[PDB]
Amino acid sequence: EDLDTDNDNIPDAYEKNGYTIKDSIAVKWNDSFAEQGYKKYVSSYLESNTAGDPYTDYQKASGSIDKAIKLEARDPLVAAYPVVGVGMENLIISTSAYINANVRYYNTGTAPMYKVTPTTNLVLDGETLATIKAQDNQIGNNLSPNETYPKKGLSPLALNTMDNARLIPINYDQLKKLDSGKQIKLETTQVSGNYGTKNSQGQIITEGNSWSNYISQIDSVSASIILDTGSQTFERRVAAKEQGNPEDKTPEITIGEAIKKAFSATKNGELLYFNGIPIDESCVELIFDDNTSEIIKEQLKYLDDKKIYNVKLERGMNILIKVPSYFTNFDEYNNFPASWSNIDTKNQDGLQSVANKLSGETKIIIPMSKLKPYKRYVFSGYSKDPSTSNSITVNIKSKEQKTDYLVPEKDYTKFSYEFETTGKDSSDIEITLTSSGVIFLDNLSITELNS
Amino acid sequence: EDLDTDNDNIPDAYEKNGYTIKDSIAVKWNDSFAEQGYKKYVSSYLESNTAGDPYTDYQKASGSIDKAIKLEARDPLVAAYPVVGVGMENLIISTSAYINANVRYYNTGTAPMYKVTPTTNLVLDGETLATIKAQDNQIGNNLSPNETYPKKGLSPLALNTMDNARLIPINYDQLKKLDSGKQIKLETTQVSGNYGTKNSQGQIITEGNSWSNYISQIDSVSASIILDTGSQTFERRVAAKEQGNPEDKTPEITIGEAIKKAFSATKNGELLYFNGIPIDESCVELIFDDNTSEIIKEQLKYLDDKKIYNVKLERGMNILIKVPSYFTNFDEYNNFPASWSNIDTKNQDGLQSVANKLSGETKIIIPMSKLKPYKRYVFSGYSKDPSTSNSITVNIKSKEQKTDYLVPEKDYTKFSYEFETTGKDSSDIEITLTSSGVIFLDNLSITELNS
Amino acid sequence: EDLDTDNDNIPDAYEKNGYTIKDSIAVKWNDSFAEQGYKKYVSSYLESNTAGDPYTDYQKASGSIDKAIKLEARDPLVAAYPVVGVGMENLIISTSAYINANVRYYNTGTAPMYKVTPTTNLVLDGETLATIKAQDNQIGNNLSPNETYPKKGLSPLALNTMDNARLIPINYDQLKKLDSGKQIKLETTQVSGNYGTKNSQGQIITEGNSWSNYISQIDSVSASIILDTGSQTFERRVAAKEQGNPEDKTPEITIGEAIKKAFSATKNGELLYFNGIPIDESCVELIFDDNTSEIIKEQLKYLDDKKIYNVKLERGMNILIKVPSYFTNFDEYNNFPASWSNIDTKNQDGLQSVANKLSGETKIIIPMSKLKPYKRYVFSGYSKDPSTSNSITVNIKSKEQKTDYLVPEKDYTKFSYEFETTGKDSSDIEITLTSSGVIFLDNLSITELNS
Ligand SMILES: [Ca+2]
Ligand SMILES: [Ca+2]
Ligand SMILES: [Ca+2]
Ligand SMILES: [Ca+2]
Ligand SMILES: [Ca+2]
Ligand SMILES: [Ca+2]
Ligand SMILES: [Ca+2]
Ligand SMILES: [Ca+2]
Ligand SMILES: [Ca+2]
């Protein structure tokens, strides 16, 4: 119909169902439009800001917003939210004494943030020396997603102003405590910035607009999703509905659909690829917090499929995704520098094409040249054993030798094992696993964890 | 009908009786809506802001307000009020001498408070050293309810700037008592901050909107209710009606309804559950002030039920709900570290399901490890004795030996006894009670009180 | 009727007579509404603001103003005037010399003052050491009537900054007189604050709304009335009409009616009770100025009743009411620690119920425990002697012994005497009176005058 309850130029019939913006006017979503590249949009018919961001659903869908905004924020269910941070690249202390910090701001969101004014802490150990705001010398006029200030190839900017003043560790006992080898850290409590909107005269203005107004609203109606690809990180917020309220019309979508919409990962039939790096559930290690783990494990058993990506996305959940550094599937990807032992690729019972036909034991000798010292690593993989009569024990060499037993199930089951490696010029890491009979292995992964 | 006296989009007939919001408009309430999750709202038909908070009745009921405002405040009777406080975490003093403090801001209200600018007094002992207003370094851009700034996982911000000036004790006369073991406390006299409204351009503006405009209004037309769950404290304000004003149409509700509205506690027929922690009258200890206590006691005689949760909420009341630390009912919960002595659960005369059939005396050993030193506790419980012929005396071992006698009544009655414990490495606390004959006991509670 | 000269929604015919607000419309006043709790309002029909305050007659009568304003100001003839003062709690001086003071603002009016910025004087002996205006550290965001900033239980705030700058007596000359025995007083010259109005969009704004615009106006159309209850103080302004102007329609009221309106005192038949404390003319001592006393004295002589509360209120009157500390009426309230001697209650010719049938002399022994040293007191009472043949002399022991003779008249008359008590550990205070024959006594009162 032509019923517009929320007054955002899209009828409630089109928002309940699918719709797409064609020639700036919303039209019904027809399945034939998919091959032309038109994306299907859904939203809430009782709210003009489904995700909580400053821009309405129509402005997002029709691309009527700032053209520096990434195309993942054009989906009404993905919020335009800058994630700014501060990184200390070089610290200079000299003479009490005086401290100089080299900083460079980072952005990892789906929107640019003008007039960046970070607030930072200078903590040594628990005690905070001072809290600093970015003076007019250290404010960035522009900051674009996936870009830094100053731009790449430019030297970082200093930090030597307290209010016209100079940063000082007023207590020389702090200097003596630093003399013991305990460095000074840097953390960002808050960042201040603006956004851009057009006025009645057609001119973008970023003066009165503030991002601090639309932080509490967005952080309360969305679910945090983080992607880690080793070299870069991407943070997204996806709007989720509240369960108790019957007037909440936000669409209910799965976790896999949320990832696909948030990161614009192409889906070639069933698999998910972000930028040529697979992000499928079996091809990456996911990390949750306590509440999200409880929700996932409770909702999993109600579903026969038993897949995390098929679980409905709820409000407040956290989904951290960490792309494994070393991944092998015996089909099209194997980045392990050292070859495996006792591998047979002649099989057809794998997860996608083939599996590993192991008869005996598998041992891998990984050089530590391509390994990060003083880091925690987790080895994971999928195992299949219809026999259910063989016990698998693993021997992994590390700072502390670990020996654990595994009981394979009838179907595919994932195992997670954690070990710590200390010292670059230390003993070589030895990983060994033995099987009583014939076992199937697929998607062996090595994933870095927090240090 | 369609008569709107105060012009807030809700007719008088719907505000006098129950009403609910459906598709951004208000409709008459029907009991069949309870299953679907809809709620029955009531408010005054002569005032457009029943609670006193900036948002009207229609915006509160229909959720036209900020999305960081808890759904507890969507009831037109519960005001959205930010209760922000400040407390020290680390004290830094160095050389006259200089003093530095580390603080973190806590919000326990039901509405976010933007641009937090607290004012604190640095009182050593009686004498006030300084009155500090938060500078540009110590302002919190956002503060969501039940959230702190800096958020969890971040070091507290240092408070050093006095004017850019340095904090200083003028003379060492204060340092004389400081060397003797005196504590410099930090207390918050007031707090400055903003609130969010939607302008005519669809954006949220929080610059001309301040909370210091509505604080006197909210605090004067409301009854204060607080809940202390040991670690988390929630403070609420519930609008009431004037006593001697015929032109005040604020709905009249009891204490139980007020608590259920304020804290959104679910009600399973007769009991009351907040978040899995029962907060019913017989499972918690209530602390009042003088005027509220006298009002309740004078209103209890005219009531046959003699239950606090059935007393009408009057403007100006002060209620504090302290969840007991140790509480057992012998039915579905017993958190006492050590089992009781001489307990018989075979009974059918309990307050809810069953009682305890004690014939003789009961002694309980409470370990010294799980008790807070230098703190005051209270022993609470229920007693039933139809015979009314057995006298009960209690022996309590503490810093000072206490022995009191109790005379049970025909029906259930609550007895409160106060004792003090000092010293972590002191004598173990021993509590002994003796009964002449056979008595019934239920809901044995231990409530922690202020030092 | 249907005529509104001043355009305040209240017809002239209703303003000239009584009127009341019912469902936010002015209606004619009938005497039957008294039992329902409604009040009768009368106001000038040629002025929109009768009392001078920013709130019009309709806003005051219908309660469409700030909800923190006391109901005593809802009367159009009573102005909403905040009386703010600063009290000095402690004085610390240390090193030429630096002075630091702790203060706590007080409010004793019927309106709240936002953004209180008091101005203070530092005077030792005639000379003014400095004049101080509070900076952003000493500004109270909210200050409700009968409340303080900081609130109860919160330590006072330190006043030590003059402009970054520390207060200083520029020489030891101001230090010698402190050793001599002269203390430093602290008095407030003026107070700067804001009031609260609701803007067009429906929000409360308190920025440009200064109280300094309506101090000169209100003080010049009213008559100050102060009530002292020993501990607390209530200052009020009641509108009165100019004597010479024929175009002044401000309603005329008596002093008793003005007091009842201003303090919302409850009148139970003939007695006037404030908060259970009688404020009837017999139970209080009235203090006026010179001009007020002259006008009252010249106005009683044409009045049959011969009572102060029956005198019409005139513009410029200054009335102060003092509630006696020790008041005995020999009926229901004898606060004297020591009982009287030679008293007979067998009488029926008292002022209200009974009198004191004295035949001889009456003596009372009063200890210094309930007496404040260095305080001046006034002894007052009522006497009735139809015979007019007995001379009464009073013997009072004090710092200076006083013996005065009295000649009672035929009817009831009030007698007053002045004496001072010096020294806590001084000679015992002795009060003795002798009656030649039979006399009637009632309502003996003691009050604490200025030191
Ligand atoms: Ca729509
Ligand atoms: Ca919409
Ligand atoms: Ca495969
Ligand atoms: Ca209405
Ligand atoms: Ca209303
Ligand atoms: Ca029970
Ligand atoms: Ca009029
Ligand atoms: Ca008028
Ligand atoms: Ca009498």
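Look at the Cα gyration tensor of chain C: its axes a ≥ b ≥ c give a/c of at least 1.5 with a/b at or below b/c, and that counts as oblate. In this structure, the residue pairs whose Cα-Cα separation is over 20 Å, taken from B:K370/B:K424; B:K151/B:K185; B:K307/B:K363; C:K16/C:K312; C:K384/C:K414; A:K375/A:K414, are B:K151/B:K185; B:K307/B:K363; A:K375/A:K414. Please label the shape of region B:164-323 as rounded, prolate or oblate, based on the square roots a ≥ b ≥ c of the eigenvalues of the alpha-carbon gyration tensor (a/c under 1.5 means rounded; beyond that, a/b larger than b/c means prolate, else oblate). Oblate. With a cut-off of 15 Å on the backbone N, no residue of region C:314-341 is near the modelled label site 7 Å out from C:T266 along Cα-Cβ. Reported to the nearest whole Å, the Cα centre-to-centre distance from region C:398-451 to region C:242-262 is 36. Shown is the FRET efficiency for A:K312 and C:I25, computed with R0 = 56 Å from the Cβ-Cβ distance and rounded to the nearest 0.05: 0.55.
What ranking, highest mean first, results for peptides A:194-205, C:41-52, B:261-272 when packing means the other Cβ atoms within 10 Å averaged over each residue?
The densest-packed peptide leads the list: C:41-52, B:261-272, A:194-205.
Sorted from fewest to most neighbouring beta carbons within 10 Å, what does the list A:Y405, B:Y326 look like?
Listed from fewest to most nearby Cβ atoms, that is A:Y405, B:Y326.
In loop segments of region C:343-387 as defined by DSSP, the chymotrypsin sites (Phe, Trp or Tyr not before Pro) with at most 15 further C-beta atoms inside 10 Å of their C-beta are C:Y374.
With both labels modelled 7 Å from their Cα along Cα-to-Cβ, the A:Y273 to C:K402 distance reads 10.7 nm. The mean count of C-beta atoms from other chains within 10 Å of the C-beta of residues in B:204-213, rounded to a whole number, is 6. At what distance in angstrom do the alpha carbon centres of region C:36-52 and region A:84-138 lie from each other? Using only Cα atoms to place each centre, the spacing works out to 62 Å. Restriction of the GluC sites (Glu not before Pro) in region C:363-441 to DSSP coil positions whose beta-carbon has at most 15 other beta-carbons within 10 angstrom yields C:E400, C:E409. With a 10 Å cut-off around each Cβ of B:128-138, the average count of Cβ atoms from other chains is 6. Between C:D289 and C:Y417, what's the calculated FRET efficiency when r is the beta-carbon distance and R0 is 30 Å? Round to 0.05. For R0 = 30 Å, the calculated efficiency reads 0.90. Footprinting exposure proxy ranking of C:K177, A:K306, B:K260, fewest other C-beta atoms within 10 angstrom first, gives A:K306, C:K177, B:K260. Each of A:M368 and C:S426 was given a label point 7 Å from its Cα along the Cα-to-Cβ line. The distance between the two points is 9.3 nm.
Shielding by partners for B:168-178, please: the mean number of other protein chain Cβ atoms within 10 Å of each residue's Cβ.
Whole-number average of other-chain Cβ neighbours for B:168-178 is 2.
Taken as Cα centroids, region A:15-30 and region A:287-365 sit 37 Å apart, rounded to the nearest whole angstrom. At an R0 of 41 angstrom, the distance between the Cβ atoms of B:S32 and A:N7 translates into a FRET efficiency of 0.85. Remark: label point of B:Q203 defined 7 Å out from Cα along the Cα-Cβ vector; separations to the same position in other copies 1.3, 1.4 nm, ascending. Estimated from helical segments only, the mean residue ellipticity of chain A at 222 nm is -2500 deg cm²/dmol, where each DSSP H run of four or more residues counts as -39500 (n - 2.57). The modelled label-to-label distance for the pair A:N199/B:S231, using points 7 Å beyond Cα in the direction of Cβ, is 5.1 nm.
Cross-link partners of B:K198 among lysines, defined as those whose alpha carbon lies under 20 angstrom from its own and excluding same-chain residues fewer than eight positions apart: A:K60, A:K198, B:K60, B:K67, B:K70, B:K115, C:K198. Neighbour counts of C-beta atoms inside 10 Å place A:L358, C:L320 in the sequence C:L320, A:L358, starting with the fewest. Annotation note: trypsin sites (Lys or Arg not before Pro) in region C:366-400 located in DSSP loop regions with a Cβ neighbour count of at most 13 within 10 Å are C:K370. When you restrict to C-alpha pairs under 8 Å that are six or more residues apart and normalise by the size of region A:308-451, the relative contact order lands at 33 percent.
Coordinate-derived values only; no laboratory data. Heads up, the Cβs are rebuilt from the backbone with ideal geometry, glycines too, and the neighbour counts pull from every protein chain shown.
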